[PDB]
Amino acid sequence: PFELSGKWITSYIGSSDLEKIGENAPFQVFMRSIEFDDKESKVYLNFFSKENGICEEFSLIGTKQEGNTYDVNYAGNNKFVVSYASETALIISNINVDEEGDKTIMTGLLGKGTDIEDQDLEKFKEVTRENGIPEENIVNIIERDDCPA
């Protein structure tokens, strides 16, 4: 089988709205771990983001919802699915509705730490594309993640 829980670090993120992912933006997210607790219908997320250019750490809890889905409060309301899982990667698709009501679709490629497999990367690009997110709306997060391990 397939272990979904553990260390996951963000390699790349794509977004329908570039305001949500540049420097210091709420969805420029540097993942550190995700733990799925299906017994209690919960997911545990630990990650860094930057504000004011300095690392801040978050540990959040989402709730398992209908189908394959999870709801979590962060910079508005979020519904995400693990669209793809391999031994080496997860691709997450997330819809965020922010505090103004604006809706953003994002995708995120995660791995076990820095050395990306091209096969996982190609699947990320296809999922991103399928969600209507253009290639130039992809940020390389590996390059930007200087937060603590």
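For every residue, the number given is its place in the sequence shown, counted from 1.
Of the two segments, 108-116 and 29-37, the one listed with the higher mean B-factor is 108-116 (C-alpha atoms only). When the C-alpha B-factors of 127-135 and 9-17 are averaged, 127-135 comes out higher. Comparing C-alpha B-factors across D98, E51, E122, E57 in the deposited entry, the largest value falls on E51. When the C-alpha B-factors of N94, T69, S83, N46 are ranked from the entry, the top spot goes to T69.
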